[PDB]
Amino acid sequence: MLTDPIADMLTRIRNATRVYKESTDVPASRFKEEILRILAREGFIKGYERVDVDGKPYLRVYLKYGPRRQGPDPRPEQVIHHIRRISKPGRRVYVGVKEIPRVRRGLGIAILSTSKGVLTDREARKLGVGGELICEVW
Amino acid sequence: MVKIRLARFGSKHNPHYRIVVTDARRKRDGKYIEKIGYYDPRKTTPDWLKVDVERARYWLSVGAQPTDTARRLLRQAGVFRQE
Amino acid sequence: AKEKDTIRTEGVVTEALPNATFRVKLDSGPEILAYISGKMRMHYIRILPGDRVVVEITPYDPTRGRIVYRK
Amino acid sequence: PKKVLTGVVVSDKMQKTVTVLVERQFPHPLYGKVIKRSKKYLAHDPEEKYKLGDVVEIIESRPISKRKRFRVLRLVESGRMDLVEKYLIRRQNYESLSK
Amino acid sequence: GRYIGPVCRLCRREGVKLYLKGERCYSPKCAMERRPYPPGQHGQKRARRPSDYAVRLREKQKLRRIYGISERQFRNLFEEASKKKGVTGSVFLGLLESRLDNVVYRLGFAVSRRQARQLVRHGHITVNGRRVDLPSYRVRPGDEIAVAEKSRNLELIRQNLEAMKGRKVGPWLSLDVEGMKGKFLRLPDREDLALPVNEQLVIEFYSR
Amino acid sequence: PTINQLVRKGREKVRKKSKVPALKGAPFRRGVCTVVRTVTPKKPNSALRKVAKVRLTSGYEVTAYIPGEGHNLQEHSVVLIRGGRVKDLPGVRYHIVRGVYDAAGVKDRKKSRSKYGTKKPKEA
RNA sequence: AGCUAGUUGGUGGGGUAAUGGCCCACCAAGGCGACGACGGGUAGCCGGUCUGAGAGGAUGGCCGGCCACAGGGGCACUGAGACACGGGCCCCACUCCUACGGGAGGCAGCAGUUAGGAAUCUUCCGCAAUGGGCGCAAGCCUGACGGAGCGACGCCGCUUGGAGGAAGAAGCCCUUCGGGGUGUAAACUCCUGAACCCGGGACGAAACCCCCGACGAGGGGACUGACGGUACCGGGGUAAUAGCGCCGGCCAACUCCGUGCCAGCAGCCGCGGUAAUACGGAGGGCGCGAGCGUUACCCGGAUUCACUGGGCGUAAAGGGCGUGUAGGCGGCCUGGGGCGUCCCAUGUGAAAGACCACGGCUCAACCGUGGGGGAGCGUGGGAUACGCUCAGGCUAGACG
Ligand SMILES: [Mg+2]
């Protein structure tokens, strides 16, 4: 059972980052797409589009990395260092607007599911609404 | 009996009183209905008496009987001045 | 400070008890738990049931001692 | 205001009376998990009107019996075995797992 | 109560000259100059490299010694500082300096902190009209510190005043020499103070 | 485990084992003694340490260590117990208090006196 | 692990201030339960208190609320209110008198005695303040309360002096014999003057009462101090209690003599069996300080019950597997509903505490004022991204 889709997507992205691949496909969703969009806006990914491997709706996640670093372990620095599903199936975490975390003290971001749509932490704060704390990214 | 009365709140030798709405049969320290004034007898402060007058008046209207000292305090504050 | 009451009476070894401990029938009177002294341990000294040995006795428990003298 | 509840008719095995399973969906304080906990409620039916399988509106009431504190206000959705049936199965199981 | 007793021994132990005697602690006589080593049977032995905790403790002691303060009092002050907004460090120092005795000392109404404290205790010092006799007292901005009328004509005080006729008063204090007064202008900051101590270490020690 | 699992089951609250049955959380228990027997230490240690076997006001019959370079303790001597495990001695969880009741202070103990209940050197 | 027979529901009645299985008659056979009943243990609960970064954890002393009980149990009566703390009846348990038939009791009120016990206070003064009750009122009653007394029991404040004063007395203790320590410490000079004596001296207390004015408002007046001759001021006025822990590592701090795995220390690693920086003592030190340490307990540190935040091939730990019930959980798209969830508004969250600000007691503790927060919960509206839920579709899972 492909039980949590968002989580799966996140995992895939993480995997991609680990292996310096340019792109992973993820199974399609509106929600997923929205998340991707937000990520793009922030600056974590080169972007996205819908494609058809076996005539099934799939989404390219175009990856983003740093420059070719010097010395032992020359592999580029990871743009996404960490990603983590927080509001898991069975573990549905919900925050009030004063209880939105300053993820990495104003450096990393958290992605929030709210009344006003799928949105970032800062944006949520601005629009003074809390919600489902899907994921943290730094 | 609904009463306007004082309550000890301070310390040994340094008393402080709350002008208060409560039932007769409570502790003088008891869970009172409303805090309306406060009294320092030792006048250690420039403001030793200040009462919310309107509230007090309302209480009186409802049926609250002030205590002797309490009554005196209220008079001093001017809750009876019908002019 | 040391309580000088550390009694120095002699005794015939009676029993092999475990772990360097020995029933030692005193020449004065009774048998007491008498463990081997540290000095003795240091210099080997296999004590056998059937030796003349001198025991260091407490007056609080005169049924427990410590062999000071090998043979 | 007087308390309003939504539940399922689970028993008609009583005169003038119906049993209502309220299901409540709420977070755990410490663990952060939504737990579908429930309670039964003994409700007054002045007519024998409501039947097994009925989704109903339950109002907090003046007592009519000891352990009977609610009148059914109105019918919401009629006839759904599925939800009743789970409860029945649970009850049956209660009989089993024992000695 | 207070420390009470051999003072310069503490200084020797700590390694930095401290001005608890006042004078002589200025003369070639604080024992610090010709005897830098700590008191005891093992002063002139090799001092083993000091541990993390140990150094911090030493620092704390040094600071406490400076103000002639009971440990409990110091702890309380620290707690207060922690409670209050801003840099816990500088605020703490200010609080310490805010002490009446210290204020008296730094206004040169005494040569010694101890001396100042004594004066405060025996009713020699006036604060804004009312004489206060407890060295712990909280002096805060815009407050005046005077010599008592019964005490103006006292010999020791006069001597002290004379010593301070031209001697420097802190960028937070402003004394009247001839009216025998002393206004508090500003809360005494870390910058203002040449304290031979690092408060950060103290804080670290305390946060346990 | 998992969140759901936890909710189903519960987290087992660790109950602290009482190190000392001086009963009740009585910080001190007074008692009458039976024997003044000296016992051997453990495996790397060797000596003869002084133990008193006590019937207590708690109704416990426990073994308590006697500190003190020279002791006076006897049979029906009334004693007070503070507790504190002795590392070498097995069965022993208890320290007898010196300088109280019938465990009178160590004579000429004049350094770390407060532990032994011995009065200040009466200097003249 | 099942429990229930007035037990669950009904009709009719009683009884209640009032609902009701509270009770009673009769009928029906339910009711609860692993979403943890019943049974056993434990326990008043909370506002809170401590701890903790917090989430939590423990606890519920005093102070505030409620409950519950007044030897144990049962029952009513009276009354607005009790199933009645200093009221009643009755039985038991118990102490007290008895002319043996019978009565009297109830400190879990203050105080105290006794007992248990590690351990806990004065058979204190007062109606002055507040509050209570009665009364037109005076006024009485008042172990509520106000205070004092005892106990470093906790917290806070202060004192046991300060300024000088040797290239360094003595004494004590090391030493490589030169010296070094104790230590500017002392002694001594200067200065102050906690204690202490005298002189005064309260705030807390303006009302109830009287009279003008209508017994209204308002105005004038008088009485009235347990604390207490106390706080506190004015004068004089003596240098005028330092103790305890530790000193191998943790952990701050080292030498000598005695001792010889002994005597002993220890919270753990452990030290001691002849040169002990771990023992007893002596110096020296270091930490606190009118206290210091030991013990008991609780939290921490233990992210060692882990939600934040652990794990499980070998360390404790994957059940022997399978199927399956509750339960948990769930693909993609569209629409409603808005239960969750979020948001605003407000109600509520009593005070005290805890936070911030100021003010008062010479500071502080302590307390006063003012303000905010505050989890959670109710009610009205909103929002639909996400769960839920209904309705329709889809083929990427599953099944054929
Ligand atoms: Mg002996």
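In the PDB archive, cryo-EM is given as the structure determination method for this entry, at a resolution of 4.45 Å.

The name given to chain E in the PDB entry is 30S ribosomal protein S4, with Thermus thermophilus HB8 as the source organism. This deposition appears in the PDB under the title "Structure of bacterial 30S-IF1-IF3-mRNA-tRNA translation pre-initiation complex(state-2B)". As recorded by UniProt, the Function comment attached to chain E reads in full: "One of the primary rRNA binding proteins, it binds directly to 16S rRNA where it helps nucleate assembly of the body and platform of the 30S subunit. Binds mRNA in the 70S ribosome, positioning it for translation." Turning to chain E, the UniProt record has this under Subunit (literature references left out): "Part of the 30S ribosomal subunit. Contacts protein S5. The interaction surface between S4 and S5 is involved in control of translational fidelity."

Naming follows the PDB entry, where chain C appears as Translation initiation factor IF-1 of Thermus thermophilus HB8. Its UniProt record, at the heading Sequence similarities, says of chain C: "Belongs to the IF-1 family."

Undergrad: Account for the overall build of chain E, naming residues and giving values.
TA: A tally of helices and strands in chain E yields eight helices and five strands. Written out in order from the N terminus, the α and β elements of chain E read α-α-α-α-α-α-β-β-β-α-β-β-α. In terms of overall size, chain E behaves like a compact globule, its C-alpha atoms giving a radius of gyration of 18 Å where 208 residues would be expected to give roughly 17 Å. Overall size of chain E, expressed as C-alpha extent along the three principal axes, is 55 × 40 × 30 Å. Expressed as a percentage of the 208 residues in chain E, the buried residues total 44%. Pairs at least 24 residues apart make up 56% of the contacts formed inside chain E by residues separated by at least 6 positions. Carbon and sulfur atoms provide 46% of the accessible area of chain E, an area that totals close to 12500 Å². Side chains of chain E carry 46 positive and 23 negative charges; the gap between the two charge centres is 7 Å.

Undergrad: Could you give an account of the nonpolar core, naming the residues involved and the relevant values?
TA: One finds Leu63, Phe74, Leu96, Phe109 and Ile145 of chain E to be the most contacted residues of the largest nonpolar core, which totals 52 residues. Counting contributing residues per domain, this core is built from domain 1 (7–96 + 194–207) and domain 2 (97–184) of chain E, each supplying no fewer than three. Beyond its immediate sequence surroundings of up to four residues, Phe109 of chain E is in contact with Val104, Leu119, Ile125, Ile145, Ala146, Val147, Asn160, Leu175, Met180, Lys181 and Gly182 of chain E. Counting 21 residues, the second largest nonpolar core, distinct from the first, contains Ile6, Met9, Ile38 and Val118 of chain A.

Undergrad: Describe the state of the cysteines, and please don't skip the residues or the numbers.
TA: Put plainly, a disulfide is one covalent bond tying together the sulfur atoms of two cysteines. Tallying each qualifying case throughout the model produces zero disulfides over all chains. The closest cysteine sulfur to the non-disulfide-bonded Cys11 of chain E is located on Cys8 of chain E, 4.5 Å from its own sulfur.

Undergrad: So what's going on with the arrangement of the chains? Which residues, and what values?
TA: Where four pairs of chains are in contact, the pair with the most contacts is made of chains C and F. At no point do chain B and chain F touch; the closest pair of C-alpha atoms across them sits 34 Å apart.

Undergrad: Tell me about the interface of chain D and chain F, and name the residues and values.
TA: Listed as interface residues are four residues of chain D and, on the opposing side, six residues of chain F. At the boundary of chain D with chain F, total buried surface from both sides reaches about 450 Å², with 72% on carbon and sulfur atoms. Here chain D is connected to chain F by zero salt bridges. Where chain D meets chain F, there are one residue pair in polar contact.

Undergrad: So what's going on with empty space enclosed by the protein? Which residues, and what values?
TA: All names here are of chain F. Throughout the structure, instances matching the rule amount to one cavity of 30 Å³ or more. Approximately 30 Å³ is the volume attributed to the largest cavity. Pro21, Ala22, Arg29, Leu56, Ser58, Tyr60, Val62, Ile81 and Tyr94 together form the lining of the largest cavity. Within the lining of the largest cavity, the residues separate by chemical class into seven nonpolar, one polar and one charged.

Cut-offs applied
Note on numbering: positions run from 1 along each chain as its sequence is written and may not match the entry's numbering; residues without coordinates are not listed. Naming scheme: in the order in which they are written, chains are lettered from A and ligands are numbered from 1. Scope of values: limited to the chains shown, which are part of a larger assembly. Side-chain figures throughout are based on the complete set of non-hydrogen atoms in the structure, without hydrogens or water. UniProt positions are given in the numbering used here, feature names are shortened, and annotations may be inferred rather than shown by experiment. Elements are defined by DSSP. Helices are runs of H or I of four residues or more, strands are runs of E of two residues or more, and each kind is numbered from the N terminus. The globule rule used here is 2.2 Å times the number of residues to the 0.38 power, and the radius of gyration it is set against is calculated over C-alpha atoms. Think of it in three bands: residues with accessible area under 20% of the maximum for their type are buried, residues over 50% are exposed, and the middle band is partly exposed, with areas taken using a 1.4 Å probe on protein chains only. Should any heavy atoms of two residues lie within 4.5 Å, those residues are counted as being in contact. Surface accessibility follows the Shrake-Rupley procedure with a 1.4 Å probe radius. Residue values consider only the protein chains on display as shielding. Under the convention used here, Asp and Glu are negative, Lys and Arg are positive, and both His and the chain ends fall outside the count. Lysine's charge is taken at NZ, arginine's at CZ, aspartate's at CG and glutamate's at CD. For this analysis, a nonpolar core means a set of buried residues of the types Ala, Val, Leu, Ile, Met, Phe, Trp, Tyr and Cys, connected via side-chain atoms within 4.5 Å. As annotated, the domain borders come from an automatic or database domain assignment. Sulfur atoms of two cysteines make up a disulfide when they are within 2.5 Å. Throughout, the accessible surface (probe 1.4 Å) given up by two parts as they are put together, summed over both, is called the buried area. We define a salt bridge as a contact between a side-chain nitrogen of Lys or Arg and a carboxyl oxygen of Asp or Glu at a distance within 4 Å. Distance and chemistry together define a polar contact, namely a pair of N or O atoms within 3.5 Å, with one atom able to donate a hydrogen and the other to accept it when in protein, and with adjacent residues in sequence counting only for side-chain atoms on both sides. Here a cavity denotes a set of grid points, spaced 1 Å apart and computed over the protein atoms alone, in which a 1.4 Å probe fits but from which it cannot get out, and a pocket denotes an open set meeting protein on both sides within 12 Å along at least five of seven lines; residues with an atom within 4 Å of a point are reported as lining. Grid points are joined across faces, edges and corners, and a volume is the space filled by probe spheres set on the points. Polar here means any residue outside two lists: the nonpolar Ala, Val, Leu, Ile, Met, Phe, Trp, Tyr, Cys and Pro, and the charged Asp, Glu, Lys and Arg; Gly therefore counts as polar.

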